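Read off the chains here:
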Amino acid sequence: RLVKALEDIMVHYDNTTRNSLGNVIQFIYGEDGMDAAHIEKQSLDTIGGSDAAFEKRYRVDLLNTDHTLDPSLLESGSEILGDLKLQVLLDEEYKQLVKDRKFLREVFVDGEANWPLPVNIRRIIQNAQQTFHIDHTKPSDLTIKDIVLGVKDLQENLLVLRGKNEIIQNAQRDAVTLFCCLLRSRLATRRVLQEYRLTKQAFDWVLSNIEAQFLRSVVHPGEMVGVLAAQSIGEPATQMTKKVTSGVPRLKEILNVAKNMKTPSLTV
Amino acid sequence: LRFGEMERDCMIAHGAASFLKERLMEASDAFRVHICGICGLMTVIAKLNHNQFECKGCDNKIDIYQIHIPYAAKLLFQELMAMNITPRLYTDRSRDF
Amino acid sequence: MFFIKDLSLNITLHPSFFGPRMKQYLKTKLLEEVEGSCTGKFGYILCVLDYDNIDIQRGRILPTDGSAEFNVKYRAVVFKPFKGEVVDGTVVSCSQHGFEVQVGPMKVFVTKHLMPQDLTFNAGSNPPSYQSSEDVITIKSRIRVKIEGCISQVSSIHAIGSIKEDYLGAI
Amino acid sequence: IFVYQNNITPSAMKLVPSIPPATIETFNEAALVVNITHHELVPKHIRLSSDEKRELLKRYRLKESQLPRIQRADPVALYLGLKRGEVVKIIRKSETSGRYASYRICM
Amino acid sequence: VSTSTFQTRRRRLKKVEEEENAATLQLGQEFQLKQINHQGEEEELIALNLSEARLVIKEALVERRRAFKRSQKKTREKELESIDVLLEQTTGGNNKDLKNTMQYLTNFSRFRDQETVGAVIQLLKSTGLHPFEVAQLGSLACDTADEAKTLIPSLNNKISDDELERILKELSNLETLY
Amino acid sequence: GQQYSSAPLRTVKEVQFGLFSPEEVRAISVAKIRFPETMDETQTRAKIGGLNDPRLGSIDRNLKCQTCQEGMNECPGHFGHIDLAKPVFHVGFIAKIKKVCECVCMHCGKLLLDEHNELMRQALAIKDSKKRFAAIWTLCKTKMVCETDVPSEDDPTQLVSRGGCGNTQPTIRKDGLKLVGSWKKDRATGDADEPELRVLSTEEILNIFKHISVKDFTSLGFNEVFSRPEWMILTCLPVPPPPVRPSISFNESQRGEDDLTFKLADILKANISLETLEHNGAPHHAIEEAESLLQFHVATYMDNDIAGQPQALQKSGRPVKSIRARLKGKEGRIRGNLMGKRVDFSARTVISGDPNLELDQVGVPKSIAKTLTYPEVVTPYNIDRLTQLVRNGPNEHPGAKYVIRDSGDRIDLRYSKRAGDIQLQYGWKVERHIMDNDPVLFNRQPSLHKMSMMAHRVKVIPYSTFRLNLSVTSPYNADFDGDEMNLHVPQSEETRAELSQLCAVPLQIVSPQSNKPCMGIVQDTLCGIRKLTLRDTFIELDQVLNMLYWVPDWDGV
Amino acid sequence: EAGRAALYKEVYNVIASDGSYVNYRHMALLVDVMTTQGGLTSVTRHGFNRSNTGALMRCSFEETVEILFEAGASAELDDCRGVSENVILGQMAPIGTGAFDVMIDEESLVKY
Amino acid sequence: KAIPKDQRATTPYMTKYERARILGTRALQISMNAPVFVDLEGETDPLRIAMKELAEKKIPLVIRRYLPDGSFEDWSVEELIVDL
DNA sequence: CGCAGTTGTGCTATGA
DNA sequence: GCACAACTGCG
Ligand SMILES: [Mg+2]
Ligand SMILES: [Zn+2]
Ligand SMILES: [Zn+2]
Ligand SMILES: [Zn+2]
């Protein structure tokens, strides 16, 4: 019944999810438009912990002596103290990260940090390091502008939908939303420099990979998700072996849209 | 052996459109019938030698096409006709979408 | 009469031809198939006009075999006779039954009966002829005929004609 | 809008469509105690203008049928006084995208 | 595989009421006055009178022979033998139809020179007659307005007896002498 | 196989379902289908001008068809017809026939309700063919009088004479194959109290349906070209040709007719009883008797497994196999012959695990490899190789079974007086043996996975089992307890591409079901990988060297 | 919309109970499918087999003949847009490999 | 109806399915003795010859990417990116 | 006119 | 051997 109910469902050349009628089931496959194989449970670091340890991790204040990036971190550090124009960028940077946090906390209400998303950002930085023999001593050649802006410019190139019109353009923005939160989480000015210790060369590579790795991650128009989903629910249902009706018979109840269900509870 | 209903499913899942047609036709049932362009039924009297093609009843000797369908379908079709139901096969469309 | 119609034929090329003189081959293959052709729908397809500008269009590669089908859009000179059409032609055959007149690519036959009473068959004539008080119709004899009816046969159209009405007959 | 206490007789019920283009709505006071829309599982439903709808269908190369449907009697459809043909944009938060926009045509 | 046309109509199941075709100006479905073309535009039916016909095939086979040699880089009785040459060059030979057609056209052409054919077309096309009549008038040679209106019975009340006669008079004057 | 036909080759774009108009049935039919007797020109073996090849399809295998020529594998059947003595219902439409009767007036053939009723125009509005009929029926089943004068679309003071006829309407309830109505009547306003009870004749119902307005049935489910209500009632019977009901002619002198050939003879017999019964001295009770029987025979031929018990059991107790039953799911046409299928180029054997096979390969026994074939086309690239395989013969391992010429003619290298000297010309096909490294579809039933069917590399091995790599056990659900698996060999260079480029085991490695890999290191390897990796575990040079060599990608360092 | 939410929750809780993990998208699709139509469309013979999809497609599950009978009765027209129809017809289905068409461009065939 | 070149919307990258059918089509054609638009560097398997063709972007085929509504965008094997 | 109560109807894993 | 969908009858 699962396969027979879905068979005719696929991802069409407009990232839409339709059947033989061309009736839209999902506007963008699995709300994001990604091929499931290209996902890995990643951690959204912005999410939890004290606002105090959050600040410690993400906040840059070139205007404060105790809260600038030490010139041990980058070469520009000595000549960065007091740059009001730059502190404007690090103010958007921080005010955006703060924004992102309030959003993730709205979406994942339990404070769950570990979510399955495309592009293993952890591994890219890992390889950047072994690739470029990252000196966790000598200061970076990156600019505050290099980081801040290069990350802005990256997000723009992370394409799922393509269409040139607000309807489509806004669905692109939405479908991407969560990934960039993680992207901003892992690529904050303080993080990139202190933790990662990347060079401009290393950073540009990190970004370039994220871009093309993301592009790889998207669903392929033609992808037979009718059966793909039907099999993926059905298959584990086979391996199946307060006290409420559960497993195979509850699943039977759910699919049947059982009017007279066995164990109906109300959690008040 | 059997390329069962369940095997068709994974084959679709795979997106293997051609390997499926090949399994379902060329490696089994595959057959060639002649259809009328007016009433899409296997009514055609295919004297494919003298190139005579006729669907008396339709008075047609012009609008005839050859189709390749599983013999089980030719059957299913003749089986439905035997039951007063016309499964008219048409090679062009009208509806759109 | 003699029309010019914008037709189109579907030709399926074998992969061995997906070379550079492909358009060349398709154009020549159209001419093979199309020229001299005779349908009851369009009549005799005689000459494919504008060889230089034949619209090849893209050819979709067929599912299980490699051949690719193209709809070769064209325009040609056609001759499709009509019942009631008056035609000038030249006599070809002639017997006791009547005479068959050559009109373009097609043959119109006039029955002994579809001629006036004054015109009568001459058996003892070399070559065979029909003799009126005034006229003589033998072989080379140019005639004017009203096509009484047409019969769409195989790869030809034939007709039965009249020379009985006014302004018809010998010319 | 008519907020009736206990019940409306089928007498008076037949008088609702009697005066168009003015439209009348009946609401049982007892249902209204709790605002259904405020609930966890109930996302943002947004009425779309004739022009807004027109663009959605244009932009997705859609026919009204092809669109996911909301019933006329859908609690949220009644809350926004949805009329047959009127489309809603549904903004749900996503465990994959963050934010997902769906659309529902009325019944 | 046969040939198709611009006429895209879809008679579903409904076989017939296939109309009898006569020069009651009721030509086939294929031969409607109002019709389409490859460009997708509406266009009035093209009918040729012999000579207007003979010149088309002549032209086409000449421009064809141009390309047959371009890609190969890397007086009535007297015109008759001349045409049989062009046919041996551009036509498949198997097309005995086009040979008989050319021989017929050569001997039965009313107006030899193109200038003339162009001028015939101007004269007749102004009349507002149907293309099959503008055809028949150019190909069939008539003297009385009655000779014409009998053979092209489609006319009848379409043209004035005198006005049709004025045309016929100008047509005989144009008649290319052999 | 089948021969060249000049006919333009297309694909079925739309399937326009409709109903047979007796007129069509007659026209398309190459014979009628006069005598129940199968064949035997009065015991003389050859078909009778009455049933099966009265110009229909053919039997004899030799001896071609009487309409086209071609014969057996080429000739699809040629339809027949029996002109029924009395109109009979179609077993299937019987309920819809009642529902149409319940909608329309049983006298003038006018819809019981129209645009004048508001709830009616509301239904008449419904876009959907089926939902519309459903709503119309619910309103019209209640109307028991064909209205003459309905109240105007404004006042109930002034009345509009909408449609003709005033007649009271029956209450139709089915009595299995029979529709019997109970009219209200009047009798000093009272009646009923004691109504009028008569069966509604197929012919009467048909005559009401014939009189149903194009626009009225158009408002009902119906179509004026493909499905007129009147076509639910059968007058002319299509006689399916031999291929639908094959004569299993075992040995020379012995028939063996199909179930349908029998039921038709029964319909035919029952029709001829009725035919003469009525024409002659009609005892008018035996008339509606022979009718009900013909109605039964035509009912059970299309559906034997009906509500009102009687199983129309073949004289053997075994009930007659209806056409309905033939198409009915899991096995039978749709489910089992079309959606599922028995296939050539398939193999099956016991599976045993191999530690020395690369993940993506499959051990195919020499026998299986020599049986299954691949159609290679003689190309300057292969040419020489293929000549050696042809030369090698169908009995060696690398070798071939058949050679197919340009002239689409099969050469049996196994027998052919020329298998030795056979010079291959380009474009010929050489059906050669499944050679090592070919893509093949390996499969283990059930098959609830994209992964329960994967593309493997051939590796021809001795001993009768299919050998597969242990790590690939997990996605098939295989074990070596005695499990068997299937093998499908692709036939096209295009199909090979499908398997290799999409279905390959290396591709199937990370599953979308769980967004995690579906194969891992298992059992002996899993137990040993721990055993080896402990801090306490050290290896002397002797073995270190062998262990290094064993890894095929080792850099020699 | 809240019904879809609760439907997924309930569906998810069946899978998660057995320990097992199924990627969101899958269960979301099933749920989204049962949802779209307007209300709760049952994954049964009188639910998804109700929809306006192809008659040849629907006949291939549950009311086999009955579906085909009612097809000809109310002159249904098969789109042949569905997978199943192509399987029945022995045609290459508009699935992955068959979701698009392939063409030789003579212009590029002479460029090389 | 046919989307113009200056208005295409679909992935500028080649689908996993596209590449598989493209490779299979040239392999079938090459095997059917079609003309090869690449230097066979001793190559003999139509798939490898095809893969080589696709790599040198010397395959002369066009993908008609159909949209739900019927319209299509024609993309060339040349213009399609092969990130795969 | 509505809803309790019934009568009715179709399905029931996969290859040998 | 259920689970529902038509259908039917009394308050
Ligand atoms: Mg086992
Ligand atoms: Zn026909
Ligand atoms: Zn036959
Ligand atoms: Zn009445």
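The rules behind each value
- Residues numbered from 1 in each chain as written, not as in the entry; some residues may be left out.
- Chains lettered and ligands numbered in written order.
- Part of a larger assembly, values for the part shown.
- Heavy atoms only, no water.
- Residues with missing side-chain atoms left out of burial classes, pairs and counts.
- UniProt positions renumbered as here; feature names shortened; annotations may be inferred.
- Helix = DSSP H or I, 4+ residues; strand = E, 2+ residues; numbered from the N terminus.
- Buried < 20%, exposed > 50% of the residue type's maximum accessible area, 1.4 Å probe, protein only.
- Contact = heavy atoms within 4.5 Å.
- Near = heavy atom within 4 Å.
- Polar contact = N/O pair within 3.5 Å; in protein donor to acceptor, adjacent residues only side chain to side chain.
- Axes fitted to C-alpha atoms, helices over the stretch in contact; angles between N-to-C directions.
- Parallel < 35°, antiparallel > 145°, perpendicular 65-115°, else oblique.
- Left-handed = near helix turned anticlockwise from the far one by under 90°.
- Nonpolar A, V, L, I, M, F, W, Y, C, P; charged D, E, K, R; others polar.
- Expected span 1.5 Å × (residues − 1).
- Arc of directions from axis to C-beta.
- Pairing = 2+ DSSP bridges.
- Buried area = accessible area lost by both parts, 1.4 Å probe.
- Salt bridge = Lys/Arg side-chain N within 4 Å of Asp/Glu carboxyl O.
- Donors = N, O, S within 2.8 Å, 3.2 Å for Na, K, Ca; no water.
- Tetrahedral: all angles 85-135°; square planar, octahedral: opposite > 155°, others 65-115°.

- Its PDB header names X-ray crystallography as the technique used to obtain the model and reports a resolution of 3.80 Å.

- Each PDB entry has a title, and for this one the record gives "RNA Polymerase II binary complex with DNA".
- You can read under Sequence similarities in the UniProt record for chain H the words "Belongs to the archaeal Rpo6/eukaryotic RPB6 RNA polymerase subunit family."

**Some details on the UniProt feature "binding site: Zn(2+) 2" in chain F**
Residue and element names in this part refer to chain F.
- Mapped onto this numbering, the UniProt entry annotates "binding site: Zn(2+) 2" at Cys105, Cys108, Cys146 and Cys165. Spanning 61 residues, the named residues form one tight spatial group whose C-alpha atoms are at most 8.8 Å apart.
- Relative to the helices and strands, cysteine 108 is located in the loop between α2 (94–103) and α3 (118–123).
- By relative accessible area, which is 24% here, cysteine 108 ends up partly exposed.
- Excluding its chain neighbours within four sequence positions, the residues that come into contact with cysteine 108 are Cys146, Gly164, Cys165 and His211.
- With respect to the secondary-structure elements, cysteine 165 resides in the loop between β4 (159–160) and β5 (173–174).
- Among the residues examined, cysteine 165 registers a relative accessible area of 19% and is labelled buried.
- Filtering out sequence-adjacent residues up to four positions away, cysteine 165 remains in contact with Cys105, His107, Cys108, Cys146, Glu147 and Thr148.

**Brief notes about the protein's contact with DNA strand J**
- Around DNA strand J, the surrounding shell consists of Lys252, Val257, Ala258 and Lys259 of chain A, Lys99 and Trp137 of chain F together with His46 of chain G.
- The side chain of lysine 99 of chain F places a nitrogen or oxygen atom 3.2 Å from a phosphate oxygen of DNA strand J.

**What about the packing of helix α1 (residues 52–70) of chain E against helix α3 (residues 96–108) of chain E?**
All names here are of chain E.
- α3 packs onto α1 with a crossing angle of 130 degrees between their chain directions and a minimal axis gap of 9 Å. As judged from the angle between their axes, α1 and α3 are oblique. Relative to α3, α1 is oriented so that their crossing is left-handed. For the pair α1 and α3, contact is made by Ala53, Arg54, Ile57, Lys58 and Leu61 and by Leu98, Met102, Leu105 and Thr106, respectively.
- Considering only residue class, the contact of α1 with α3 consists of 6 nonpolar, 1 polar and 2 charged.

**Some thoughts on helix α7 (residues 161–174) of chain E**
Residues and elements named next belong to chain E.
- Over its 14 residues, α7 extends 20 Å from the first C-alpha to the last, a length consistent with the 20 Å expected when each residue adds 1.5 Å.
- By the burial criterion, the buried members of α7 are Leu164, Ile167, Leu168 and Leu171. End-on, the buried residues of α7 take up no more than an arc of 100 degrees, which puts them together on one face. Turned more than 90 degrees off the buried face of α7, the exposed positions are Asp162, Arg166 and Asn173.
- Looking at the packing, one finds that the buried side of α7 touches α4 (114–125), α5 (131–139) and α6 (145–151).

**Re the sheet that holds strand β7 (residues 196–200) of chain F**
Residue and element names in this part refer to chain F.
- One open sheet accounts for 3 strands, arranged β5-β6-β7; its pairing is antiparallel. At either margin of the open sheet sits one strand with a lone partner, and together these are β5 and β7.
- Contacts from helix α5 (residues 202–210) reach β6 (179–183) and β7 within the one sheet, and its direction differs from that of β7 by about 80 degrees.

**Structural notes on the interface of chain F and chain B**
- At the interface, 87 residues of chain F touch 70 residues of chain B.
- Buried surface at the junction of chain F and chain B, summed over both partners, amounts to about 7,100 Å²; 57% is from carbon and sulfur atoms.
- Considering only the side of chain F, the residues that lose the most area to chain B are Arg10, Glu14 and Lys341 of chain F, jointly responsible for 10% of the buried surface there.
- There are 6 salt bridges connecting chain F and chain B.
- In this structure, the salt-bridge partner of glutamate 24 of chain F is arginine 88 of chain B, at a minimum N-O distance of 2.9 Å.
- If you look at where chain F meets chain B, you find 45 residue pairs in polar contact.
- Looking at the side of chain F that touches chain B residue by residue, the class counts come to 44 nonpolar, 26 polar and 17 charged.
- With 6 bridges connecting them, strand β4 (residues 85–90) of chain B and strand β1 (residues 14–19) of chain F associate as antiparallel partners. Within β1 of chain F, the residue paired with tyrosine 90 of chain B across the bridge is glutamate 14 of chain F.

**Notes on the coordination of the zinc ion (ligand 2)**
Residues and elements named next belong to chain B.
- Protein coordination of the zinc ion (ligand 2) is provided by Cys36 (SG), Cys39 (SG), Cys55 (SG) and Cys58 (SG), with donor distances spanning 2.4 to 2.5 Å.
- Around the zinc ion (ligand 2), the 4 donor atoms sit at angles spanning 90 to 129 degrees, and that spread fits a shape best called tetrahedral.
- Mapping the donors of the zinc ion (ligand 2) onto the primary sequence gives the spacing C-x2-C-x15-C-x2-C. Residue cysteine 39 is located in the loop between β2 (30–36) and β3 (64–70), and its partner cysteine 58 is located in the loop between β2 and β3; the two are separated by 19 residues in the primary sequence.
- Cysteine 58 gets classed as buried once you look at its relative accessible area, which sits at 8%.

**A short note on the interface of chain E and chain B**
- Each side of the interface is counted separately: chain E has 4 residues, and chain B has 9 residues.
- Approximately 680 Å² of surface area, both sides summed, lies buried where chain E meets chain B, with 47% of it carried by carbon and sulfur atoms.
- Of all residues in chain E, the largest losses of buried area upon contact with chain B belong to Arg12, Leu13 and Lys15 of chain E, amounting jointly to 74% of the total for that side.
- The interface formed by chain E and chain B includes 1 salt bridge.
- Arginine 12 of chain E is the salt-bridge partner of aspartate 92 of chain B, the closest N and O atoms lying 2.7 Å from each other.
- Run the count over chain E and chain B and you get 4 residue pairs in polar contact.

**Considering the protein's contact with DNA strand I**
- For DNA strand I, the full set of nearby residues is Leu1, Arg2 and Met6 of chain B, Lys330, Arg335, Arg342, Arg348 and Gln445 of chain F together with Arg45, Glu62 and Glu63 of chain G.
- Put simply, 83% of the atoms of DNA strand I that lie within 4 Å of the protein are in sugar or phosphate.
- Contact between DNA strand I and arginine 335 of chain F: a phosphate oxygen at 2.7 Å from a side-chain N or O atom of the residue.
- In the surface near DNA strand I, the residues fall into 2 nonpolar, 1 polar and 8 charged.

**Details of the coordination of the zinc ion (ligand 3)**
All names here are of chain F.
- Every protein donor of the zinc ion (ligand 3) is accounted for by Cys65 (SG), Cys68 (SG), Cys75 (SG) and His78 (NE2), and the metal-donor separations fall at 2.2 to 2.5 Å.
- Relative to the metal, the 4 donor atoms surrounding the zinc ion (ligand 3) lie at angles of 100 to 119 degrees, and the coordination shape comes out tetrahedral.
- All donors to the zinc ion (ligand 3) come from one chain, and their sequence spacing reads C-x2-C-x6-C-x2-H. Within this pair, whereas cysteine 65 is found in the loop between α1 (22–28) and β2 (80–89), its partner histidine 78 is found in the loop between α1 and β2, the two being separated by 13 residues in sequence.

**Let's talk about the sheet that holds strand β13 (residues 136–137) of chain C**
All names here are of chain C.
- A sheet is described by the order of its strands in space; here 3 strands give the open sequence β11-β12-β13, paired in antiparallel fashion. At either margin of the open sheet sits one strand with a lone partner, and together these are β11 (120–122) and β13.
- The pairing of strand β12 (residues 129–131) with β13 spans 2 bridges and is antiparallel. Along β13, the bridge assignment pairs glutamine 131 with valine 136.

**Points about the UniProt feature "binding site: Zn(2+) 1" in chain F**
- As recorded in UniProt, the feature "binding site: Zn(2+) 1" lies at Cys65, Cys68, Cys75 and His78 of chain F.
- In contact with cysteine 75 of chain F, other than residues within four places in its own chain, are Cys65, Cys68 and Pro243 of chain F.
- Apart from residues lying up to four places away in sequence, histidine 78 of chain F is in contact with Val44 and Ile45 of chain B together with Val30, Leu56, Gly57, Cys65, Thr67, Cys68 and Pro241 of chain F.

**Some words on unusual backbone geometry**
- The amide bond that connects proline 20 of chain D to the next residue, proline 21 of chain D, takes the cis arrangement and shows omega of 0 degrees.
- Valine 16 of chain E connects to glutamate 17 of chain E through a cis peptide bond whose omega is 10 degrees.
- Position of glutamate 17 of chain E among the secondary structure elements: in the loop between β1 (3–5) and β2 (34–35).
- Within the chain, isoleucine 33 of chain F stands out as a residue other than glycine whose phi angle is a positive 75 degrees.
- Tracing the backbone through its elements, the reader meets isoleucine 33 of chain F in the loop between α1 and β2.
- In this model, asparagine 251 of chain F sits at a positive phi of 60 degrees, which is unusual for a non-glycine residue.
- Inspection of the secondary structure puts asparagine 251 of chain F in the loop between β8 (233–239) and α7 (259–279).

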